[PDB]
Structure formats: structure tokens, C-alpha cells
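Summary of the model geometry
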Amino acid sequence: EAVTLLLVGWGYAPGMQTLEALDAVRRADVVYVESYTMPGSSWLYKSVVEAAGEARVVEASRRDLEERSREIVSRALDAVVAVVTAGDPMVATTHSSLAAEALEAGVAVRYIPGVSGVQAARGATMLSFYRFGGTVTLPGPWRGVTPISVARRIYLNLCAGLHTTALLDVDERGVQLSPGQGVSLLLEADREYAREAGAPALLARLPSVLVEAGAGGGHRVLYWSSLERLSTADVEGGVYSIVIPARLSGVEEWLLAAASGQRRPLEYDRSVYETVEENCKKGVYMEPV
């Protein structure tokens, strides 16, 4: 069994593992498990060990996969090595680099998909799958960076009529940045960006959906009339993703209202989208930054 790498998505909660993923990890010779690319992933290690046998599972750190990725590509003996990620390994992680060096280093690579929390979150909002656009990550204050390029990508989605998926950063402890803090720094970035772009700051005025994908279909979908409101809200703790929609289609307002347990008309600033539209047409949002 020549060196073979298995990039396995484990799903984001117990019970969300596919049969082939369970099988793959059981049939591997070694099992590295990384729980740093996903917040609230403490359950991961235990769940894997449970599947493999407590005799092959191995905690893998970021620098191990990023700095010492040359080892995991273990081209020393010849074996089946598995790298397990909560969610899906190709969604919002840089594990494709591991697969690429492996492929180039002769190793056979198998990508076993898993349900990612991002996909489940987008799905829970019930917004049109076809309208989702680019995804950004809102940095925590420990990165020491005001996300100006991030604000711009959101406007780029808006100009294309696409919904933005905004992920929240995670620190050392594996603690997710709170929606309020993530959005606050985003809005500070927006004010800085609009300033240099020569246009009013508009993101604070956009409605948004705060979602936490869950197990057994228990997702939580909360409609926020404006990001301004969310930026100062101390919401319940949770592993969330934020969806900042482009102007909703009539059918979408109905779908989103049902998903968030809200009544139509959904309330939100009724002039912000037309103003974004105007700046889009003026070419304001292309420089770049």
C-alpha cells in the first residue's frame, strides 16, 4: 500500500459522519486529527478515536500541517495516512496545499467529503443557493488588522447581486470571535474603506442573518435588521457564520422570513441597496485595495 493520503471531512457534530469517511479512517494506518480550523471542535478527537481505535489517532497542530507539512506527506515508508477535519477539508482551510505537495511528491490523494458547517448554515437560511457569492473571514482584534480588503469583497458581491458568507475568526483557545466584535471591526473597516473609496459607508445599514448550523437538523437562524444592530449585540454563545445578502428576491424574503421565524415584511433600510447600486455603477468599488 504505497504512500496514500486521505483528506477526510468528518462533519461538524457527532452523528454527521458519512459511512465512507468512517470506513476510510478505520482502514487507514495512521490518523492525524486537526481541530484548529474549526471552532468548538473539542468533540472531534474523541469521535475519531472512537472510529479508528484509540491507537492511531494523533493530534495535529497548524504549524505541523503548514510548517512541517513535509512530514505528513510521509514518503518514507509506504502507508495510508488520514488527515481528519471537522466539516469538509476543502472548505475554508488551506489543506489543498497539503494535497498538492503530496500529489507532486508522488503520493496518491483521496478527498473524502464531509458536511461543512458553512454549507449547512447557508442551507438553513433557505436563501437561493445560486445567489451565494464570495466568502470572507472577519478577523479578530488579535490579528492587528482592519479588514479593508474584506469590506471591498463584500461590496463586490453586492454589485454582482450575490449574497456574502462571512465567517468569524477563531483564536488560539479555539474560541470563536463573537458576532458583535467581528461585525464591529468590519464596520470600522467599512468607514475607513468608504473614506478612501470616495463614497458613503453602507455596510452597517444592510440586514444580515446570523446562523449556527446544528446536529439533527437543529439549526438556529436569526434575522438582524441591520449589521449596525448586530455589531453591538451580545448574542448567545455559538459557532456562527453570518450571511450578508444582496437584495432579496421576492420569493427569498418569504423563504428567509420562514427560516428565521419572522413575519414579512422583513424590516431593513429601504434605501441602502439602491445606494450601493449607484456606487457600483460609478465603479467606486474597483481600484483595488
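Residues numbered from 1 in each chain as written, not as in the entry; some residues may be left out. Heavy atoms only, no water.

Structure determination for this entry is recorded as X-ray crystallography, at 2.00 Å resolution.

Put simply, the test is: UniProt positions are given in the numbering used here, feature names are shortened, and annotations may be inferred rather than shown by experiment.
As recorded in the PDB entry, the chain goes by Probable diphthine synthase and comes from Aeropyrum pernix. The title field of the PDB entry reads "Crystal structure of the conserved hypothetical protein APE0931 from Aeropyrum pernix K1". One UniProt comment on the chain, placed under Pathway, says "Protein modification; peptidyl-diphthamide biosynthesis." Comment text from UniProt for the chain, heading Sequence similarities, reads "Belongs to the diphthine synthase family."

**Comments concerning the packing of helix 7 (residues 148–160) against helix 8 (residues 179–197)**
Counted only if it meets this: Fitting a line to C-alpha atoms yields each axis, with helices limited to the stretch in contact; the angle taken between N-to-C directions then spans 0 to 180 degrees. Here a strand is any run of E in DSSP of at least two residues, a helix any run of H or I of at least four, and the numbering for each starts at the N terminus. In this scheme, roughly parallel covers angles under 35 degrees and roughly antiparallel covers those over 145, while 65 to 115 is roughly perpendicular and the rest are oblique. Contacts are residue-level and defined by heavy atoms, with any inter-residue pair within 4.5 Å sufficient. As a working rule, the residues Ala, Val, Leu, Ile, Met, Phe, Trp, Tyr, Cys and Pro are called nonpolar, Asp, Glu, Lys and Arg charged, and the rest polar, with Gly in that last group.
Closest axis-to-axis distance for the helix 7/helix 8 pair is 8 Å, and the angle between their directions is 80°. Comparing the axis directions of helix 7 and helix 8 gives the class roughly perpendicular. Where helix 7 approaches helix 8, its residues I148, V150, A151, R152, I154 and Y155 are matched on the opposing element by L186, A189, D190, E192, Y193 and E196. Looking at the contact of helix 7 with helix 8 residue by residue, the class counts come to eight nonpolar, no polar and four charged.

**A look at the pairing of strand 1 (residues 4–9)**
The line we're drawing: Three labels apply to residues, based on accessible area from a 1.4 Å probe with only protein chains included: buried if under 20% of the type maximum, exposed if over 50%, partly exposed otherwise in between. Two strands qualify as a pair provided that DSSP identifies no fewer than 2 bridges between them.
Extensive coverage of strand 1 is indicated by the burial of six of its six residues. Residues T4, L6 and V8 line one face of strand 1 and the alternating positions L5, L7 and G9 line the opposite face, and both faces are buried. Alignment of strand 1 against strand 4 (residues 80–85), held across six bridges, turns out to be parallel. The partner of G9 across the bridge, within strand 4, is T85. In this structure, strand 1 lies alongside strand 5 (residues 108–112), joined through five bridges in parallel fashion. Opposite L7, over in strand 5, you have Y111 as the bridge partner.

**Considerations on the packing of aromatic side chains**
In this description, a pair of aromatic rings is defined by centroid distance and the angle of the planes. What counts, and what does not: Geometry of aromatic contacts follows a simple scheme: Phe, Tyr and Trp rings, the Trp one being its six-membered ring, pair when their centres are within 6.5 Å, and the pair is stacked under 30 degrees between planes, edge-to-face over 60, tilted otherwise. We count a charge as sitting over a ring when the NZ of a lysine or the CZ of an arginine lies within 6 Å of the ring centre and within 35 degrees of the ring normal.
One pass over the full model with this rule turns up five aromatic pairs. Measuring from centroid to centroid gives 5.9 Å for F129 and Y130, while their planes differ by 70°, and the two rings are edge-to-face. In terms of burial, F129 and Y130 fall into one category: exposed. Aromatic side chains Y155 and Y193 sit 5.9 Å apart centroid to centroid with 40° between the ring planes, which places their arrangement in the tilted category. Here the residue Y155 occupies a position in helix 7, and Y193 occupies one in helix 8, the gap between them amounting to 38 residues. When sorted by exposure, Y155 lands in the same class as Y193, which is buried. Each residue in the set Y155, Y193 and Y285 is aromatic and connected to the rest through ring pairs, giving one cluster. Positioned above the aromatic ring of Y268, the side-chain terminus of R270 is 5.5 Å from the ring centre.

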